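Asker: next input, structure requested:
(5 chains)
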Amino acid sequence: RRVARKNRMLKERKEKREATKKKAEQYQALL
Amino acid sequence: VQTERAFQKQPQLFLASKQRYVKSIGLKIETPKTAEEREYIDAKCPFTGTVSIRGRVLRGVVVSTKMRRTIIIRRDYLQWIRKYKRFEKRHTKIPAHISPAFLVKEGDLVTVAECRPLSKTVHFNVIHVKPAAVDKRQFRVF
Amino acid sequence: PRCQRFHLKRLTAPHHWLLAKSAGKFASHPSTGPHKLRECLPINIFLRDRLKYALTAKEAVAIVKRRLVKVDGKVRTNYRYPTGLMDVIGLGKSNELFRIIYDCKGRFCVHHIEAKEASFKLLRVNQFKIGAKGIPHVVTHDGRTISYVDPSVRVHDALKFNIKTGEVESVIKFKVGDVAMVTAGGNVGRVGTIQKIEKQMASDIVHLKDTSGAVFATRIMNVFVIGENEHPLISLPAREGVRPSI
Amino acid sequence: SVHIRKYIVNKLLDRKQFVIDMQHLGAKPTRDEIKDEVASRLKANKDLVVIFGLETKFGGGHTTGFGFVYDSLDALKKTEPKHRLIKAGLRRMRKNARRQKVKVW
RNA sequence: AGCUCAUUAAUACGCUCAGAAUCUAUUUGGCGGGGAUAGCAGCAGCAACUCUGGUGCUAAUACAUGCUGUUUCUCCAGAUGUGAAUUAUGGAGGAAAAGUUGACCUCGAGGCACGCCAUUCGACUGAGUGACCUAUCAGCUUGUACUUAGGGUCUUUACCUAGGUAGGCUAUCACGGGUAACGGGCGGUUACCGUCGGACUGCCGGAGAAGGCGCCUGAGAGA
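Answerer: Numbers count the residues shown, from 1 in each chain, chains lettered A, B, ... in the order given. Shown next is the protein structure:
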């Protein structure tokens, strides 16, 4: 359980990181 | 020229391997020509030094020209009194810092606008002069 | 010397809310939040003295804590949470969707609305600035920091905001010939088409027009640019910010 | 004579809630009697109705009061205050005795 | 929050502005990345108290550990933003630890941290200005007034310490004295103009806890 909590916490951070680079790259063509 | 113990220095400028920093203050003022060709420093000048101008903008006749780079105005305002249906002449002595860019005699209207406190008494700084010739002790409302 | 103080009195509570002078001394102090003290409306008061579901204040704090209510996507178990101008209110159980929005007169009203409309909301730009790697970003009248916002997004522009995803789909530009609901001062709660914009030296004025054909100014910060040219991007109330006049 | 008036279906505490406006001439309605009349009108049962705070006018045969009706027994167990439950049918000791737990360890 | 009006004659209060000279727990949105004690167990001491000594253990979202930023200085550029900043931000250098290192609860969902920017409730600094008597109170002021450099502060300033000038306020009432003076929203009296009262005023802001004075903890106290 506690490794599945820790991996998940890391993954969400990872998910946020990829979608944050999308918010750069989506608006980069306009910017 | 630099008389005193400390070396007087134009800030935000490096000699490297003269120059002069000059600033447009805005609010409809022409940044005067004698600032751009004169040896004085002064950090408490608006144009040359590092003081930003902001808020309330006054006018009034000059009384004093006695201190180093500081003058005194008197703002001159009518006060309506409710009972007697009639005004009275009041005044208020406002001390204000000057740039050596300007050339100010006794007894000539100026403009000023406020900044950060430069002393106890001084919170104002001269941004435009009109000359006048030739006196004070007239009451003049603007 | 004054500190941040808990106990709001009635009388001192704002004239938006339509509080009784009687029914006790104290009003519900809003929690800190997106919106200010004066403009906002809590959800303790929302369920007592509009929809009239919770008769006592004990009953109002019950139903927020059951987690039926949803402010703006999120649940919010905190109650007394400030909610003010263009916030969606989804409610569980006998669910109804609202948008909080001004009357003619300045008062708050509450408006049943279609679900496809009630996804999105509007958001005016108050403050624009640069930060972190040359990136422009924007604070709103909420306080949603919309970073990686596009160009043509200056101050006093509205942004349509999709709520499910953190997007900014449209951008309604400030101009002449553009509809704007006023949200402060004497002309609070009034629709107008923007005829003139007067730049003010230093610290500016904007002149407006009803469908009746009255005319009135305001300070620029009060106007909320509601939609492009007559037809707004929103369901408006009864009368539509016109205000009666005999 | 039982008028139901200003009526709204509050689904959050699932209860249909209103104010009653009964007019009586000659001056003689019992609360129990009121439940009888209202429960037939809203197909309710007597236990599922709460009626509270009902007020005769100055002089005339009249009385009006609050009341509301809900599905099942699940409402009044949890949503109601305790002072209506003891009334219907369902002391500074702490201040003194309590603060001895600070005085003694 | 509650109580009171003894100080206070404008520094307070009010009403306009202002932060480009600032700080901000909590909410909210972004951006981020093993050992040692407390109860519990036991032996004692005081005329006395909501004081404790000393030994024998054990807890963690308490405390310490740990898989590019923060602070500061130098230089080169100085935005699509502002009335205006050689500002925001970017790049090239050095330093420093003052540090972001989910070492975490309950049955796939809810909740809780840490850091930075904003936001919110505010706070705090500065300006303009309004008003109770007194000439049997006409001259007052030595950090007193400007300037340059520093210390200190959350910041700006004689706030304080230096060097250099000798200034500032005043018959448009300075300075001094008096008040049976907390200021304001307002209240009583009235045809209008006014005038008297305002501890309370069913609110707002200030000050004080027998009298001064000092300080810890904290986002915030001279409680």
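Asker: how about the contacts made by the residue of chain A found nearest chain C?
Answerer: The nearest approach of chain A to chain C comes at residue A:23, 4.4 Å away (Cβ to the nearest Cβ). No exception for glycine: its C-beta is placed from N, CA and C like everyone else's. When contacts are counted by Cβ atoms under 8 Å, 6 or more residues apart in numbering or on different chains, residue A:23 touches C:147-148.
Asker: need the three-state assignment for it.
Answerer: Assigned by DSSP: H, G, I helix; E, B strand; the rest coil, the conformation of residue A:23 is helix.
Asker: relative to residue C:160, how far out is it?
Answerer: Shown here: residue A:23 relative to residue C:160, a distance of 17 Å by Cβ to Cβ, to the nearest Å.
Asker: re the thing from before, quickly note the distance from the residue of chain A closest to chain C to RNA strand E.
Answerer: 6 Å (Cβ to the nearest atom of the strand, to the nearest Å).
Asker: what of residue B:133?
Answerer: According to Cβ to the nearest atom of the strand, residue B:133 stands 21 Å off from RNA strand E.
Asker: surely that residue is in contact with residue B:108?
Answerer: Yes. Checked against Cβ atoms under 8 Å, the pair residue B:133 and residue B:108 is within contact range at 7.5 Å.
Asker: who has more neighbours, those two?
Answerer: residue B:108 (17 against 7; other Cβ atoms under 10 Å in any protein chain shown).
Asker: which residue is most remote from the mean position of chain B?
Answerer: Largest separation from the mean C-alpha position in chain B: residue B:83, at 37.7 Å (Cα atoms, centre = their mean).
Asker: part of a strand, is it?
Answerer: No. Under three-state DSSP, residue B:83 sits outside any strand and is assigned coil.
Asker: which ones are touching it?
Answerer: With Cβ under 8 Å, 6+ apart, residue B:83 has no contacts at all.
Asker: ok, back up a step: the residue of chain A closest to chain C and residue C:134: what is the separation?
Answerer: For residue A:23, the distance to residue C:134 - Cβ to Cβ - is 15 Å.
Asker: ok, residue B:96 - how many residues close by?
Answerer: Residue B:96 has 25 nearby residues by other Cβ under 10 Å.
Asker: skipping adjacent residues, who's closest to it in space?
Answerer: residue B:124 (3.8 Å; Cβ to Cβ, 6 or more residues apart in numbering or on different chains).
Asker: ok, now residue C:13?
Answerer: Nearest non-adjacent residue to residue C:13 (Cβ to Cβ, 6+ apart): residue C:27, at 4.0 Å.
Asker: now do the contacts for that neighbour.
Answerer: Counted by Cβ under 8 Å, 6+ apart, residue C:27 has contacts C:8-10, C:12-13, C:17, C:19.
Asker: can I get those residues in a markdown table including neighbour count and distance to RNA strand E?
Answerer: As requested, the contacts of residue C:27 are exported to a markdown table (neighbours: other Cβ atoms under 10 Å in any protein chain shown; distance: Cβ to the nearest atom of the strand, whole Å):
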| residue | neighbour count | distance to RNA strand E |
| --- | --- | --- |
| C:8 | 16 | 8 |
| C:9 | 11 | 5 |
| C:10 | 16 | 7 |
| C:12 | 9 | 4 |
| C:13 | 17 | 9 |
| C:17 | 17 | 15 |
| C:19 | 17 | 12 |
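Asker: farthest-apart pair in those residues, please.
Answerer: C:9 and C:17 (12.8 Å; Cβ to Cβ).
Asker: quick one: the helices in the chain?
Answerer: Assuming you mean chain A. For chain A, the helices defined by DSSP state H cover A:2-28.
Asker: meant chain C, my bad for not saying
Answerer: Ranges of helices within chain C are C:43-48, C:57-65, based on DSSP H.
Asker: on that earlier part again, the residue of chain A closest to chain C and residue C:139, how far apart?
Answerer: Taking Cβ to Cβ, one finds residue A:23 at 17 Å from residue C:139.
Asker: what do you get for residue C:234?
Answerer: Distance from residue C:234 to residue C:139, by Cβ to Cβ: 22 Å.
Asker: compare those two (neighbour count), which wins?
Answerer: Using other Cβ under 10 Å, the more surrounded residue of residue C:234 and residue C:139 is residue C:234, with 19 against 15.
Asker: residues contacting that one?
Answerer: Counting by Cβ under 8 Å, 6+ apart, residue C:234 touches C:99, C:101, C:117, C:122, C:226-227.
Asker: cool, residue C:93 as well?
Answerer: C:68, D:11-12, D:14.
Asker: stretch B:1-12 and RNA strand E, any residue contact?
Answerer: Yes. Against RNA strand E, stretch B:1-12 shows contacts by Cβ under 7 Å from any atom of the strand at B:4-6, B:8, B:12.
Asker: pick out the most distant pair among those residues.
Answerer: Farthest pair in the residues of stretch B:1-12 next to RNA strand E, by Cβ to Cβ: B:5 and B:12, 22.4 Å.
Asker: compute the first-to-last residue distance for stretch C:84-96.
Answerer: 18 Å (Cα to Cα, to the nearest Å).
Asker: so which bits of it are buried?
Answerer: Neighbour-count burial for stretch C:84-96, with 16 or more other Cβ atoms under 10 Å in any protein chain shown as criterion, is recorded at C:84-91, C:96.
Asker: hmm, the strand with the most length in chain C in reach of chain A?
Answerer: What stands out as the longest strand in chain C, according to DSSP state E, is strand C:121-130. No. Strand C:121-130 does not reach chain A (Cβ under 8 Å from any Cβ of the partner chain); its nearest approach is 12.6 Å.
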